[PDB]
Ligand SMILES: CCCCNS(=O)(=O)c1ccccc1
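Next up: a single chain in structure tokens, the form solved without this ligand.
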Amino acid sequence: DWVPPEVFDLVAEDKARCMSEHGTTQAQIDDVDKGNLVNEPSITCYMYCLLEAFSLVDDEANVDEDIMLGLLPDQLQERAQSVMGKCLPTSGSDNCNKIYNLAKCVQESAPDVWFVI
């Protein structure tokens, strides 16, 4: 990752709250970061919950492209713009399913740009 140690202190209160709400284990978060995505609410509602905590998504899992881009380092923004060209709009049966399809889409197309923690 390009995510610096500090960012783990930042999202700590929100990460812990998002894991309680959805029954998420740390092993599930590690599976996402090794490219092993499964359509399970405890992991995909966690992803939605974290994104929602940092205003990357609204109430129907529509992504805010400018906020999502400004979180990435400058170096990846060209490639992230192209990935976002492909993977947006979001799509799915509910918010958790939308973030699932987004994650699978972003990972398939460019592992570097996907922000789960």
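In this text, the rigid core denotes the largest set of C-alpha atoms whose superposition between the two forms falls within 1.5 Å. Shifts are known only where both forms have a C-alpha. The numbering used is simple: start at 1 and walk along the sequence shown.
What comes next is about the form deposited with this ligand bound, which is not displayed.
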**Request:** Would you check, heavy atoms only and a 4.5 Å threshold, whether residue 61 touches this ligand in the deposited complex?
**Result:** no
**Request:** Answer yes if any heavy atom of residue 96 is within 4.5 Å of a heavy atom of this ligand in the deposited complex; otherwise answer no.
**Result:** no
**Complete:** Those residues of 93-113 with a non-hydrogen atom no more than 4.5 Å from this ligand in the deposited complex are 103, 106, 110, 113
**Request:** Go ahead and list the segments of at least 3 residues in a row whose C-alphas all shift 2 Å or more between the shown form and the other one, with the rigid core as the reference fit.
**Result:** 3-10, 33-35, 111-117
